[PDB]
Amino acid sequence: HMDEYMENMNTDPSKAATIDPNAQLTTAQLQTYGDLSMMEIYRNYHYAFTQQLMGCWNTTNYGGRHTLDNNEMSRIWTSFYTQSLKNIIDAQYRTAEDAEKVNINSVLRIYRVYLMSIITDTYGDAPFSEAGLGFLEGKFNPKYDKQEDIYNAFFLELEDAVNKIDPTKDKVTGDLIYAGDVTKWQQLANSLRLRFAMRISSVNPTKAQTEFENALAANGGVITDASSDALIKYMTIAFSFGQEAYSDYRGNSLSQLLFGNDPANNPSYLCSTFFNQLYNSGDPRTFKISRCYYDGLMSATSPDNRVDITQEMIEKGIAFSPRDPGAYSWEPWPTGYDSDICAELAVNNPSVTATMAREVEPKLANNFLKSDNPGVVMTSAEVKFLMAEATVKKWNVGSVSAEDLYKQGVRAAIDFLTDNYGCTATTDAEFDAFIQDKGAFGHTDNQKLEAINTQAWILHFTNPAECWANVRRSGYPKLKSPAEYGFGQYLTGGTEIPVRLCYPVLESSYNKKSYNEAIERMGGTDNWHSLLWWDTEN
């Protein structure tokens, strides 16, 4: 089926919805979190590997118990190379060096870098420079570019893009991140430069510092307040898991999937690592991100009519039972209680029970289960954390103290929930009480890097690609294998939490030489325990 492979991996004008560059951008943006098939990878792997969710069958089975599954691992590769990245490549190619299309071209180059970053931060070496060119240039069988070289190209592409943007030129018309404000595109591009500079800070400290400092000084500057956060706009659409929903990117499919195809039996239960970080630190977001719900009246298609038992649990002294890494909602079975709230519901309703069991395991709050939840690309809060870490590393990034940058990042991360998810606001007094106690910055460099990156991990909950990248890069939080929680007997894929995903096996058939050459650079095996180039330690 080389024919289908070739058709699917290159933009075919005769079959493609459109080759208009502005339209290509719109559809690529929506795909990022709108592709319901692709989002399975995050529920299956990332959210377990970062120990944020655990207990849903899918999360625990795949990532929580290290089940290697080449088809499940393939989703980012397939989805991006056969749709958004290929289409962005086609659009970029057609607008390159056209003086009348410098803004759309520059924006395409920025978003091309962003999508490619997700691919390389998942798999390592991957097609980039030669990708998507079969119909444009007759160039098939693209080489897998080395990750080091991909990162070099990120910095160069982003720099050139910010230098070519000119608000006097072409209008960017279907842009669901910034409604064509190309100044905000410059801010995003320079912020991505910060992200990628910090990413390479362990493997190449000299280059990291230089790129970080270059980005701060670059045309348009960086994202310095939340109004320039890069968030893809999604519409409210009913959640459907019928066959036609898999081609509908209008709604946030990550939110759909975290609600679930089986929402009553397999909701998004929180992992103990994350719930306990929040709860034990008195984090104001504990019960903004999570609640305990009884779902006996909840429909199969939306998180309406759930019964919030969180406050009753607290009043009655019932312990929350978040899921350790490796645990299912049913294993170990939690200690429950008889609910007064649910007993009232049970009056003259045989559907309902008053006896809570798995309802004592914290669940993702309804605010994060909406079709119109944003698609998070990058935030001002993250920029603050990157600046804080650069400052601890003694880079030359301005006059603000590392501690103040850190505190600004935490405040922004908390406010992000208020502004974008309808969560209850956090007051100055609440913020100060937290930052003065368990949210404090710390005294030693290691304490400070731990605080920064732990706070980043919480911020990246809604951005699982970046969450997993930053956990691997920074080493924080320090996570233990499911083996350390009692689940070692089940870890078929090996004891250690995976640090990358393997290449799709069909690459062996359809791009064999390139595939074999990439695998040879890792020593000749394709192993999800192999560290990526930027990832210097497990």
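Just count from 1 along the sequence shown to find any residue number.
Participant: Going by the average Cα B-factor in the PDB entry, point out whether 226-234 or 393-401 comes out higher.
Facilitator: Per the deposited B-factors, the answer is 393-401.
Participant: On mean C-alpha B-factor from the PDB entry, just flag whether 142-150 or 431-439 is the higher one.
Facilitator: Per the deposited B-factors, the answer is 431-439.
Participant: I'd like to know which of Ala425, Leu364, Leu158, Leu459 has the highest C-alpha temperature factor in the PDB entry.
Facilitator: Of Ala425, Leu364, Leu158, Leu459, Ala425 has the highest C-alpha B-factor.
Participant: Between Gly124, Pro325, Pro464, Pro167, which carries the biggest CA temperature factor in the record?
Facilitator: Answer, based on the entry's C-alpha B-factors: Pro167.
Participant: For the chain shown, is the CA B-factor of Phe275 in the lowest, middle or highest third of its modelled residues?
Facilitator: As the PDB entry reports it, the C-alpha B-factor of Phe275 lands in the lowest third of its chain.
Participant: Sorting the chain's CA B-factors, does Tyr249 end up in the lowest, middle or highest third?
Facilitator: For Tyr249, whose C-alpha B-factor we compare with every modelled residue in the chain, the answer is the middle third.
Participant: Going by the CA temperature factor in the PDB record, which third of the chain does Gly242 belong to: lowest, middle or highest?
Facilitator: Its C-alpha B-factor, which the entry lists for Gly242, ranks in the highest third among residues of this chain.
Participant: Would the CA B-factor of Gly486 place it in the lowest, middle or highest third of its chain?
Facilitator: It belongs to the highest third of the chain when residues are ordered by C-alpha B-factor.
Participant: Ranked by Cα temperature factor within the chain, is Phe49 in the lowest third, the middle third or the highest third?
Facilitator: Lowest third of the chain for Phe49's C-alpha B-factor.
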